[PDB]
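Shown below: data24.txt, with compact mmCIF, C-alpha atoms (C1' of nucleotides).
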```
# COMPACT_ATOMS: atom_id res chain seq x y z
CA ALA A 1 -224.59 -54.73 -42.12
CA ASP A 2 -220.88 -55.47 -42.21
CA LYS A 3 -220.20 -53.73 -45.48
CA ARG A 4 -217.12 -52.14 -44.01
CA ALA A 5 -216.08 -55.33 -42.19
CA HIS A 6 -215.87 -58.00 -44.97
CA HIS A 7 -214.37 -55.19 -47.12
CA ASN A 8 -211.88 -53.64 -44.65
CA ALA A 9 -210.96 -57.26 -44.11
CA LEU A 10 -210.82 -58.21 -47.77
CA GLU A 11 -208.20 -55.50 -48.34
CA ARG A 12 -206.26 -56.81 -45.39
CA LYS A 13 -205.95 -60.28 -46.85
CA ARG A 14 -204.93 -58.79 -50.22
CA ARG A 15 -202.31 -56.53 -48.63
CA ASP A 16 -200.87 -59.42 -46.52
CA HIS A 17 -200.70 -61.37 -49.76
CA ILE A 18 -198.15 -58.86 -50.92
CA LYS A 19 -196.07 -58.38 -47.68
CA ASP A 20 -195.68 -62.12 -47.75
CA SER A 21 -195.31 -62.62 -51.50
CA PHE A 22 -192.90 -59.62 -51.34
CA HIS A 23 -190.13 -61.15 -49.27
CA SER A 24 -190.65 -64.14 -51.58
CA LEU A 25 -189.22 -61.68 -54.18
CA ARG A 26 -186.44 -60.10 -51.98
CA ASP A 27 -185.03 -63.29 -50.35
CA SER A 28 -185.37 -64.61 -53.91
CA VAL A 29 -182.24 -62.52 -54.46
CA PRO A 30 -178.71 -62.27 -53.06
CA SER A 31 -177.42 -58.68 -52.50
CA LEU A 32 -179.99 -57.84 -49.87
CA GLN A 33 -178.35 -59.90 -47.12
CA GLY A 34 -181.65 -61.29 -45.83
CA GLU A 35 -182.50 -57.94 -44.29
CA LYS A 36 -184.53 -54.72 -44.53
CA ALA A 37 -184.38 -52.22 -47.48
CA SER A 38 -187.38 -50.46 -49.04
CA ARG A 39 -190.12 -52.46 -50.78
CA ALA A 40 -189.28 -50.01 -53.50
CA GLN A 41 -185.66 -51.33 -53.76
CA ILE A 42 -186.67 -55.01 -53.59
CA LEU A 43 -188.06 -53.93 -56.91
CA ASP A 44 -184.92 -51.91 -57.84
CA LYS A 45 -182.27 -54.50 -57.04
CA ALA A 46 -184.13 -57.45 -58.47
CA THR A 47 -185.13 -55.39 -61.51
CA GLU A 48 -181.45 -55.30 -62.32
CA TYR A 49 -181.22 -59.01 -61.62
CA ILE A 50 -183.14 -59.67 -64.79
CA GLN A 51 -180.66 -57.52 -66.74
CA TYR A 52 -178.04 -59.76 -65.12
CA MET A 53 -179.51 -63.16 -65.85
CA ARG A 54 -180.26 -62.24 -69.44
CA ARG A 55 -176.80 -60.53 -69.59
CA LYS A 56 -174.61 -63.16 -67.88
CA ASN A 57 -176.60 -66.05 -69.31
CA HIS A 58 -177.12 -65.28 -73.04
CA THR A 59 -173.39 -64.78 -73.43
CA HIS A 60 -172.47 -67.68 -71.27
CA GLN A 61 -174.61 -70.17 -73.17
CA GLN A 62 -173.11 -68.77 -76.46
CA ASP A 63 -169.68 -69.39 -74.90
CA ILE A 64 -170.79 -73.02 -74.45
CA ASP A 65 -171.29 -72.65 -78.18
CA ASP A 66 -167.86 -71.18 -78.85
CA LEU A 67 -166.75 -74.19 -76.92
CA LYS A 68 -168.76 -75.94 -79.61
CA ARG A 69 -166.86 -74.51 -82.56
CA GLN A 70 -163.75 -74.78 -80.35
CA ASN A 71 -164.42 -78.53 -80.44
CA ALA A 72 -165.12 -78.14 -84.19
CA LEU A 73 -161.50 -77.16 -84.88
CA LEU A 74 -160.85 -80.10 -82.64
CA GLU A 75 -162.90 -82.10 -85.13
CA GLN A 76 -160.57 -81.06 -87.96
CA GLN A 77 -157.69 -81.92 -85.63
CA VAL A 78 -159.24 -85.40 -85.35
CA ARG A 79 -159.92 -85.50 -89.09
CA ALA A 80 -156.13 -85.15 -89.46
CA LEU A 81 -154.75 -87.25 -86.49
CA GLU A 82 -154.56 -90.68 -88.11
CA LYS A 83 -156.07 -92.61 -91.03
CA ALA A 84 -155.62 -96.09 -89.44
CA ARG A 85 -154.98 -95.73 -85.67
CA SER A 86 -157.30 -94.92 -82.68
CA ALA B 1 -200.56 -24.61 -43.21
CA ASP B 2 -200.19 -27.22 -45.92
CA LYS B 3 -199.48 -30.10 -43.61
CA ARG B 4 -201.85 -32.28 -45.56
CA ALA B 5 -200.65 -30.94 -48.93
CA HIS B 6 -196.84 -31.57 -48.92
CA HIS B 7 -197.72 -34.89 -47.19
CA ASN B 8 -200.66 -36.07 -49.35
CA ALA B 9 -198.30 -35.15 -52.14
CA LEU B 10 -195.24 -36.82 -50.69
CA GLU B 11 -197.13 -40.13 -50.62
CA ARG B 12 -198.16 -39.59 -54.20
CA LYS B 13 -194.58 -39.30 -55.41
CA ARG B 14 -193.64 -42.41 -53.39
CA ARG B 15 -196.57 -44.41 -54.77
CA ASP B 16 -195.81 -43.34 -58.39
CA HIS B 17 -192.25 -44.45 -57.72
CA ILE B 18 -193.61 -47.94 -57.37
CA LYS B 19 -196.20 -48.00 -60.26
CA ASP B 20 -193.32 -46.95 -62.45
CA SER B 21 -190.56 -49.03 -60.85
CA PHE B 22 -193.13 -51.90 -60.90
CA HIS B 23 -193.47 -52.36 -64.64
CA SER B 24 -189.67 -52.07 -64.58
CA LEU B 25 -189.99 -55.44 -62.75
CA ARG B 26 -192.79 -57.00 -64.93
CA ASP B 27 -191.50 -56.04 -68.42
CA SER B 28 -188.18 -57.16 -66.91
CA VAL B 29 -189.65 -60.62 -67.50
CA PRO B 30 -190.99 -62.68 -70.42
CA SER B 31 -194.18 -64.70 -69.66
CA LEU B 32 -196.33 -61.67 -69.05
CA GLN B 33 -196.63 -60.70 -72.72
CA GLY B 34 -196.15 -56.99 -72.06
CA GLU B 35 -199.65 -56.76 -70.62
CA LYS B 36 -201.82 -56.54 -67.49
CA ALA B 37 -201.85 -59.13 -64.62
CA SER B 38 -201.99 -58.31 -60.89
CA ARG B 39 -199.15 -56.38 -59.22
CA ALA B 40 -199.35 -59.37 -56.95
CA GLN B 41 -198.42 -61.78 -59.82
CA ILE B 42 -195.64 -59.56 -61.20
CA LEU B 43 -194.25 -60.65 -57.88
CA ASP B 44 -195.42 -64.29 -58.31
CA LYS B 45 -194.14 -64.93 -61.81
CA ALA B 46 -190.84 -63.16 -61.38
CA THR B 47 -190.40 -64.76 -57.95
CA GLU B 48 -190.20 -68.04 -59.81
CA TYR B 49 -187.83 -66.47 -62.30
CA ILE B 50 -185.16 -66.43 -59.65
CA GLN B 51 -185.72 -70.15 -59.01
CA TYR B 52 -185.23 -70.48 -62.77
CA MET B 53 -182.07 -68.47 -63.21
CA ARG B 54 -180.42 -70.13 -60.23
CA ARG B 55 -181.87 -73.49 -61.47
CA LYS B 56 -181.11 -73.29 -65.21
CA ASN B 57 -177.84 -71.44 -64.66
CA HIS B 58 -176.00 -73.30 -61.83
CA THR B 59 -176.40 -76.54 -63.73
CA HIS B 60 -175.62 -75.04 -67.06
CA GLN B 61 -172.35 -73.48 -65.93
CA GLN B 62 -171.42 -76.88 -64.32
CA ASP B 63 -172.19 -78.45 -67.71
CA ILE B 64 -169.62 -76.02 -69.17
CA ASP B 65 -167.48 -77.73 -66.56
CA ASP B 66 -168.42 -81.26 -67.61
CA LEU B 67 -167.43 -79.98 -70.99
CA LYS B 68 -164.23 -79.20 -69.12
CA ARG B 69 -163.56 -82.75 -67.93
CA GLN B 70 -164.99 -83.85 -71.30
CA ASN B 71 -162.01 -82.00 -72.80
CA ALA B 72 -159.87 -83.59 -70.04
CA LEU B 73 -160.43 -87.08 -71.45
CA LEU B 74 -159.66 -85.31 -74.67
CA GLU B 75 -156.39 -84.31 -73.02
CA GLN B 76 -155.53 -87.97 -72.37
CA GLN B 77 -156.57 -88.63 -75.98
CA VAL B 78 -153.98 -86.01 -76.98
CA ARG B 79 -151.46 -87.42 -74.50
CA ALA B 80 -151.75 -90.64 -76.54
CA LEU B 81 -152.15 -89.35 -80.18
CA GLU B 82 -148.49 -89.08 -81.21
CA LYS B 83 -145.05 -88.75 -79.62
CA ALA B 84 -143.43 -86.97 -82.63
CA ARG B 85 -146.16 -85.61 -84.96
CA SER B 86 -148.53 -82.56 -84.73
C1' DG C 1 -229.89 -55.40 -69.88
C1' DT C 2 -231.12 -54.04 -63.36
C1' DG C 3 -228.53 -57.80 -58.99
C1' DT C 4 -225.38 -58.87 -55.62
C1' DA C 5 -220.31 -59.90 -55.08
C1' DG C 6 -214.83 -60.32 -55.77
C1' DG C 7 -210.84 -58.69 -57.02
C1' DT C 8 -207.65 -54.57 -57.98
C1' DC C 9 -206.06 -49.94 -57.61
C1' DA C 10 -204.82 -45.24 -55.71
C1' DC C 11 -205.98 -41.89 -52.46
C1' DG C 12 -205.89 -39.78 -48.03
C1' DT C 13 -204.48 -39.97 -44.04
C1' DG C 14 -202.15 -41.85 -38.72
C1' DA C 15 -198.11 -44.43 -36.72
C1' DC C 16 -193.30 -45.28 -36.17
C1' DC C 17 -187.75 -45.02 -37.31
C1' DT C 18 -184.84 -42.41 -37.72
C1' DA C 19 -181.18 -38.43 -37.91
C1' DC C 20 -180.14 -34.08 -38.79
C1' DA C 21 -179.65 -30.17 -35.97
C1' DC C 22 -179.01 -27.03 -32.04
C1' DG D 1 -181.92 -34.91 -24.63
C1' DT D 2 -187.04 -31.04 -26.77
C1' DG D 3 -187.14 -29.33 -32.86
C1' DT D 4 -188.69 -29.57 -37.32
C1' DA D 5 -188.61 -32.79 -41.41
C1' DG D 6 -188.23 -37.19 -44.76
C1' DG D 7 -188.95 -41.50 -45.75
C1' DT D 8 -191.72 -45.98 -45.09
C1' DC D 9 -195.61 -48.72 -43.88
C1' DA D 10 -200.50 -50.41 -43.26
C1' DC D 11 -205.06 -49.05 -42.57
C1' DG D 12 -209.52 -47.56 -44.00
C1' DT D 13 -212.03 -46.47 -47.23
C1' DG D 14 -214.15 -44.76 -52.69
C1' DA D 15 -213.74 -45.85 -57.75
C1' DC D 16 -213.78 -48.92 -61.59
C1' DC D 17 -213.63 -53.86 -64.36
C1' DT D 18 -215.57 -57.28 -64.62
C1' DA D 19 -218.75 -61.65 -64.77
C1' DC D 20 -221.59 -64.51 -62.65
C1' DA D 21 -226.42 -64.86 -62.48
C1' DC D 22 -231.38 -64.44 -63.44
```

Would you write out, as structure tokens, the structure that this file holds?
Amino acid sequence: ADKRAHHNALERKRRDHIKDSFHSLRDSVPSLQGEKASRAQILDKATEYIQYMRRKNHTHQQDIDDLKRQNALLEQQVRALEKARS
Amino acid sequence: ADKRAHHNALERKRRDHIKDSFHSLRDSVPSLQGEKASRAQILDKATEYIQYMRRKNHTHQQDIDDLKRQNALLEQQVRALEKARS
DNA sequence: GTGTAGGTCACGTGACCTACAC
DNA sequence: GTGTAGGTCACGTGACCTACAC
């Protein structure tokens, strides 16, 4: 009775499922130059990438928001500008 | 001669190195609610996360830039405003 | 509950790629 | 080059968690 077979084979479809869905992670990142590097570092590098996107982003959106208040002072500026012009 | 030993043990430090550096990937992402889920999906989910950060970001920074040209028209507006005031 | 089955891990190994020596 | 060693994978298994039935 294949009880090794369908098993030894089940684990080979699971494992493939990673080796394929693994490069999906790596190539899903720049700083690996589409080549080699441990499947221990595809974790490393990208694990930093989250620090980066949270890092770089959070600020950056807030800086859209300081562009907001920036345009608030602008508001005041407009509130002054004229009382009858355009 | 431990030739199994230092080996069977070498592979156990490597493997740990993943199980630890693996959650470093998972927890390095929201949408997993700090709990369980295949070490095949920690790849899945986060693999999308790159699509997202490139996605959401690229645009968003460009929209800082349409805020740029937005403030360009503003420039013209200023170029009109007054020729002697403040 | 006692089946029969799928997914999910972690272990113990057997290749192969290096590259340091000497 | 022929050593002796480390890292890196992928395979073949042996547990355990379920949860569908019946």

Return chain A as a PDB file with C-alpha atoms, keeping the file's coordinate frame, after superposing it on chain B by a least-squares fit that covers all C-alpha atoms paired in order.
```
ATOM      1  CA  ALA A   1    -200.559 -24.606 -43.206  1.00  0.00           C
ATOM      2  CA  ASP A   2    -200.194 -27.219 -45.920  1.00  0.00           C
ATOM      3  CA  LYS A   3    -199.480 -30.105 -43.609  1.00  0.00           C
ATOM      4  CA  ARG A   4    -201.852 -32.277 -45.565  1.00  0.00           C
ATOM      5  CA  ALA A   5    -200.648 -30.933 -48.929  1.00  0.00           C
ATOM      6  CA  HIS A   6    -196.841 -31.568 -48.913  1.00  0.00           C
ATOM      7  CA  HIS A   7    -197.719 -34.889 -47.190  1.00  0.00           C
ATOM      8  CA  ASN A   8    -200.660 -36.068 -49.350  1.00  0.00           C
ATOM      9  CA  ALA A   9    -198.299 -35.147 -52.147  1.00  0.00           C
ATOM     10  CA  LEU A  10    -195.240 -36.828 -50.688  1.00  0.00           C
ATOM     11  CA  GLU A  11    -197.131 -40.138 -50.619  1.00  0.00           C
ATOM     12  CA  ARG A  12    -198.152 -39.584 -54.201  1.00  0.00           C
ATOM     13  CA  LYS A  13    -194.584 -39.304 -55.409  1.00  0.00           C
ATOM     14  CA  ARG A  14    -193.638 -42.410 -53.391  1.00  0.00           C
ATOM     15  CA  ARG A  15    -196.568 -44.416 -54.768  1.00  0.00           C
ATOM     16  CA  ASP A  16    -195.807 -43.336 -58.392  1.00  0.00           C
ATOM     17  CA  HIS A  17    -192.253 -44.449 -57.714  1.00  0.00           C
ATOM     18  CA  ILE A  18    -193.609 -47.941 -57.375  1.00  0.00           C
ATOM     19  CA  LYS A  19    -196.195 -48.005 -60.267  1.00  0.00           C
ATOM     20  CA  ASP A  20    -193.316 -46.955 -62.446  1.00  0.00           C
ATOM     21  CA  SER A  21    -190.559 -49.027 -60.847  1.00  0.00           C
ATOM     22  CA  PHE A  22    -193.125 -51.898 -60.900  1.00  0.00           C
ATOM     23  CA  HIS A  23    -193.472 -52.361 -64.637  1.00  0.00           C
ATOM     24  CA  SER A  24    -189.669 -52.071 -64.585  1.00  0.00           C
ATOM     25  CA  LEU A  25    -189.987 -55.446 -62.750  1.00  0.00           C
ATOM     26  CA  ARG A  26    -192.798 -57.001 -64.928  1.00  0.00           C
ATOM     27  CA  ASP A  27    -191.499 -56.040 -68.422  1.00  0.00           C
ATOM     28  CA  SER A  28    -188.186 -57.164 -66.907  1.00  0.00           C
ATOM     29  CA  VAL A  29    -189.652 -60.624 -67.502  1.00  0.00           C
ATOM     30  CA  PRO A  30    -190.985 -62.681 -70.413  1.00  0.00           C
ATOM     31  CA  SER A  31    -194.181 -64.703 -69.662  1.00  0.00           C
ATOM     32  CA  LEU A  32    -196.327 -61.663 -69.047  1.00  0.00           C
ATOM     33  CA  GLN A  33    -196.625 -60.708 -72.721  1.00  0.00           C
ATOM     34  CA  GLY A  34    -196.158 -56.988 -72.063  1.00  0.00           C
ATOM     35  CA  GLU A  35    -199.647 -56.768 -70.617  1.00  0.00           C
ATOM     36  CA  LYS A  36    -201.816 -56.535 -67.488  1.00  0.00           C
ATOM     37  CA  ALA A  37    -201.852 -59.129 -64.617  1.00  0.00           C
ATOM     38  CA  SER A  38    -201.991 -58.306 -60.897  1.00  0.00           C
ATOM     39  CA  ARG A  39    -199.156 -56.384 -59.223  1.00  0.00           C
ATOM     40  CA  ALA A  40    -199.348 -59.367 -56.948  1.00  0.00           C
ATOM     41  CA  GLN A  41    -198.424 -61.784 -59.814  1.00  0.00           C
ATOM     42  CA  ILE A  42    -195.647 -59.558 -61.200  1.00  0.00           C
ATOM     43  CA  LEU A  43    -194.251 -60.643 -57.884  1.00  0.00           C
ATOM     44  CA  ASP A  44    -195.421 -64.283 -58.309  1.00  0.00           C
ATOM     45  CA  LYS A  45    -194.135 -64.931 -61.817  1.00  0.00           C
ATOM     46  CA  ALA A  46    -190.833 -63.167 -61.379  1.00  0.00           C
ATOM     47  CA  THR A  47    -190.394 -64.765 -57.953  1.00  0.00           C
ATOM     48  CA  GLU A  48    -190.201 -68.041 -59.807  1.00  0.00           C
ATOM     49  CA  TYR A  49    -187.826 -66.474 -62.299  1.00  0.00           C
ATOM     50  CA  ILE A  50    -185.159 -66.428 -59.644  1.00  0.00           C
ATOM     51  CA  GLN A  51    -185.729 -70.149 -59.007  1.00  0.00           C
ATOM     52  CA  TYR A  52    -185.234 -70.471 -62.770  1.00  0.00           C
ATOM     53  CA  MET A  53    -182.063 -68.471 -63.211  1.00  0.00           C
ATOM     54  CA  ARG A  54    -180.417 -70.128 -60.237  1.00  0.00           C
ATOM     55  CA  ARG A  55    -181.870 -73.488 -61.467  1.00  0.00           C
ATOM     56  CA  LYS A  56    -181.105 -73.289 -65.210  1.00  0.00           C
ATOM     57  CA  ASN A  57    -177.840 -71.448 -64.658  1.00  0.00           C
ATOM     58  CA  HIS A  58    -176.005 -73.299 -61.832  1.00  0.00           C
ATOM     59  CA  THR A  59    -176.398 -76.544 -63.737  1.00  0.00           C
ATOM     60  CA  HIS A  60    -175.626 -75.036 -67.062  1.00  0.00           C
ATOM     61  CA  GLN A  61    -172.355 -73.476 -65.939  1.00  0.00           C
ATOM     62  CA  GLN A  62    -171.425 -76.875 -64.321  1.00  0.00           C
ATOM     63  CA  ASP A  63    -172.188 -78.448 -67.715  1.00  0.00           C
ATOM     64  CA  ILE A  64    -169.621 -76.017 -69.168  1.00  0.00           C
ATOM     65  CA  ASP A  65    -167.482 -77.735 -66.565  1.00  0.00           C
ATOM     66  CA  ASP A  66    -168.418 -81.257 -67.611  1.00  0.00           C
ATOM     67  CA  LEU A  67    -167.427 -79.975 -70.987  1.00  0.00           C
ATOM     68  CA  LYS A  68    -164.226 -79.204 -69.116  1.00  0.00           C
ATOM     69  CA  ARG A  69    -163.565 -82.741 -67.928  1.00  0.00           C
ATOM     70  CA  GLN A  70    -164.989 -83.858 -71.297  1.00  0.00           C
ATOM     71  CA  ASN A  71    -162.015 -82.003 -72.792  1.00  0.00           C
ATOM     72  CA  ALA A  72    -159.865 -83.586 -70.040  1.00  0.00           C
ATOM     73  CA  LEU A  73    -160.426 -87.082 -71.454  1.00  0.00           C
ATOM     74  CA  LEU A  74    -159.655 -85.311 -74.672  1.00  0.00           C
ATOM     75  CA  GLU A  75    -156.388 -84.312 -73.019  1.00  0.00           C
ATOM     76  CA  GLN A  76    -155.535 -87.970 -72.379  1.00  0.00           C
ATOM     77  CA  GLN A  77    -156.569 -88.629 -75.979  1.00  0.00           C
ATOM     78  CA  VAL A  78    -153.977 -86.006 -76.976  1.00  0.00           C
ATOM     79  CA  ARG A  79    -151.460 -87.417 -74.500  1.00  0.00           C
ATOM     80  CA  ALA A  80    -151.755 -90.642 -76.534  1.00  0.00           C
ATOM     81  CA  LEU A  81    -152.145 -89.356 -80.185  1.00  0.00           C
ATOM     82  CA  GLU A  82    -148.497 -89.083 -81.205  1.00  0.00           C
ATOM     83  CA  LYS A  83    -145.046 -88.749 -79.621  1.00  0.00           C
ATOM     84  CA  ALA A  84    -143.432 -86.967 -82.631  1.00  0.00           C
ATOM     85  CA  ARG A  85    -146.165 -85.606 -84.961  1.00  0.00           C
ATOM     86  CA  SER A  86    -148.536 -82.557 -84.724  1.00  0.00           C
TER      87      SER A  86
END
```

- Message: Contacts from chain D to chain A, 10 Å maximum, all atoms listed in the file: show me the residue list as an MDAnalysis selection string.
- Response: chainID D and resid 7:13

- Between A:84, A:1, A:73, A:25, single out the one closest to chain B, counting only C-alpha atoms.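 Residue with the minimum atom-to-atom distance to chain B: A:25.
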
- Within 7 Å of residue A:28, counting only C-alpha atoms (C1' of nucleotides), which residues qualify if same-chain residues fewer than 3 places away don't, as a ChimeraX atom specification? /A:24-25 /B:47,50

- Could you please tell me, as a count of residues only, which residues of chain A have an atom within 10 Å of chain B when using only C-alpha atoms? 48

- Message: I'd like the interatomic distance between atom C1' of residue C:6 and atom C1' of residue D:15, to a tenth of an Å.
- Response: 14.6 Å

- Quote the spacing between atom CA of residue A:10 and atom CA of residue B:31 in Å to one decimal place.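 Calculated distance between atom CA of residue A:10 and atom CA of residue B:31 is 28.3 Å.
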